[PDB]
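Note sheet for the following structure.
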Ligand SMILES: CCC[C@H](O)[C@H](NC[C@@H]1Cc2cccc(c2)CCCCc2cc(cc(N(CCC)S(C)(=O)=O)c2)C(=O)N1)C(=O)NCC(C)C
């Protein structure tokens, strides 16, 4: 039955990954963004020029009004709507139906995207960051509460244009990754918050106080495209990546993610861009592990020539490990055990000389000092 969930995700580059769902009776089909960076389940529920379809509550015999408003602001986009409940299923997910909280979106601002093919969002993080407040049970909490689906899911995001992947609900599909799973503690159940204890670029330690890496917080967010870094860390990383690639020159707007860079088709100089290693807090005392990402992950292809946007960018709200970090890895959100596992994905990037990797164990002293308070 996990084989039924393999490849149940689709998307457009830079516009999220979505899963098919149905809401209401009779079932209404909608494509729903898979977002580990938020905790509300919300769907277009009124006309919008970028929506191909939307939730029609008046047509669902199982719809219930909660008679309460709601709004959710994201780093990109915001919407407001009306809360209610209805029956929900995932056709290429477990064979169950649950009554879930649903925000019916009536107004929105830069949220829906022209031609994205999704019409709602599935916030998979914890109640603590749900709107209007933590009494609004998130979907996955309802799923686990009302069924026997185990309290974990995994995400296999594959890159390139259209992308694809798998959300395995209730377990781990071992045919989707190679080597060992390495786990890092969920520091606190709100976002999927983790602790980064070291950063290396081409094998060179950035040598910053590890608190800077988690300044504010560090989270795993499938709803974000980029690897986002606190200002200070971003500036150090860019300086290092600039130096490694100084054999070529790029407009300063490239490094800000604003303009593309292009090379003759097939001639992209991958070798002059460095690998980045993020070391994560491990499961045992003084132990960490590292995930290594290739330039093929942080140079996102965009439309004769191969063209790319720099997909590492600046944040003032902590580190965000977005889709470019998740792609190529099998990522297990093991809620039952308060940990997130990483392994090399079966849909990994192919460089003839370097490999994306998950490696351990490493010894790292004083890892608790890396958490921001
Ligand atoms: C503390 C951080 C929270 C985290 O941002 C988190 N992000 C999840 C959202 C989900 C989302 C919203 C709208 C559209 C999409 C998906 C599809 C992908 C679009 C590209 C994108 C999205 C986000 C963010 C970006 N980027 C940053 C802003 C432009 S980036 C760096 O270009 O990839 C791009 C982003 O914020 N997605 C969040 O907003 N949570 C809010 C609630 C908890 C209140």
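Numbering starts at 1 and runs along the chain as it is shown here.
For all residues, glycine too, the Cβ spot is worked out from N, Cα and C.
Classification of residue 35 (active site) by DSSP places it within a strand. Around residue 35 (active site), the same-chain residues six or more apart in sequence whose CB sits under 8 Å from its CB are 16, 121, 122, 123, 124, 125, 221, 222, 223, listed in sequence order. Here Swiss-Prot flags 35 (among others) as active site.
The secondary structure of residue 221 (active site), as reduced to three states from DSSP, is coil rather than helix or strand. Annotation comment: Swiss-Prot describes 221 (among others) as active site.
According to DSSP, residue 158 (disulfide bond) is assigned to a strand segment. Residues or ranges marked as disulfide bond by Swiss-Prot on the basis of experimental evidence: 158-347 (among others).
Under the three-state DSSP scheme, residue 370 (disulfide bond) falls in the helix class. Long-range Cβ neighbours of residue 370 (disulfide bond) (same chain, at least 6 residues apart, Cβ-Cβ under 8 Å): 195, 196, 197, 210, 211, 213, 214, 281. The disulfide bond feature in Swiss-Prot is assigned to 210-370 (among others); the stated evidence is experimental evidence.
Summarising the annotation, Swiss-Prot assigns disulfide bond to 262-307 (among others). In three-state terms derived from DSSP, residue 262 (disulfide bond) belongs to an extended strand segment. Just so you know, the Cβ of residue 262 (disulfide bond) picks up 13 other Cβ atoms within 10 Å once every protein chain is counted.
Look at Swiss-Prot and you will find 95 (among others) tagged as N-linked glycosylation site, backed by sequence analysis. Under DSSP, residue 95 (N-linked glycosylation site) is assigned to coil, being neither helix nor strand in the three-state scheme. Its Cβ taken as reference, residue 95 (N-linked glycosylation site) is surrounded by 11 other Cβ atoms within 10 Å in the chains shown.
Feature annotation from Swiss-Prot assigns N-linked glycosylation site to 114 (among others). Sequence-distant contacts of residue 114 (N-linked glycosylation site), defined by Cβ-Cβ distance under 8 angstroms and a gap of at least six in the same chain, are 49, 50.
Residues or ranges marked as N-linked glycosylation site by Swiss-Prot on the basis of sequence analysis: 286 (among others). Mapped onto three states, the DSSP output places residue 286 (N-linked glycosylation site) in coil. A sphere of 10 angstroms centred on the C-beta of residue 286 (N-linked glycosylation site) encloses 12 other C-beta atoms.
As annotated by Swiss-Prot, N6-acetyllysine applies to 68 (among others), with the evidence given as experimental evidence. Under the DSSP three-state reduction, residue 68 (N6-acetyllysine) is assigned to strand.
Under the heading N6-acetyllysine, Swiss-Prot lists 207 (among others). Taking a C-beta cut-off of under 8 Å and a sequence gap of six or more, residue 207 (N6-acetyllysine) has no contacts in its own chain.
Counting every protein chain shown, 15 other Cβ atoms lie within 10 Å of the Cβ of residue 211 (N6-acetyllysine). Annotation source Swiss-Prot lists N6-acetyllysine at 211 (among others), citing experimental evidence.
Annotation source Swiss-Prot lists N6-acetyllysine at 217 (among others), citing experimental evidence. For residue 217 (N6-acetyllysine), the same-chain residues lying six or more positions away in sequence with a CB closer than 8 A to its CB are 191, 193, 317, 318, 319, 372.
Swiss-Prot lists 231 (among others) with the feature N6-acetyllysine. Taking Cβ-Cβ distances under 8 Å and a sequence separation of 6 or more, the neighbours of residue 231 (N6-acetyllysine) in its chain are 314, 315, 316.
Long-range Cβ neighbours of residue 232 (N6-acetyllysine) (same chain, at least 6 residues apart, Cβ-Cβ under 8 Å): 208, 212, 215. Per Swiss-Prot, the feature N6-acetyllysine maps to 232 (among others).
Its Cβ taken as reference, residue 239 (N6-acetyllysine) is surrounded by 13 other Cβ atoms within 10 Å in the chains shown. According to Swiss-Prot, the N6-acetyllysine annotation covers 239 (among others).
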Query = CA-CA, which of the recorded positions 95, 158, 239, 286, 347 lies nearest residue 68 (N6-acetyllysine)?
reply = 95
Remark   = Near ligand 1 by the Cβ criterion (under 6 Å), the recorded positions from 35, 158, 221 are 35, 221
Note = Students should find that the Cα atoms of residue 286 (N-linked glycosylation site) and residue 239 (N6-acetyllysine) sit apart, in Å rounded to an integer, by 30
Note = Rounded to a whole number, the Cα-Cα distance in Å between residue 303 and residue 304, flanking 5 unmodelled residues, is 10
Ask   = Do you know offhand how many angstrom separate residue 307 (disulfide bond) and residue 347 (disulfide bond) by C-alpha?
value = 22
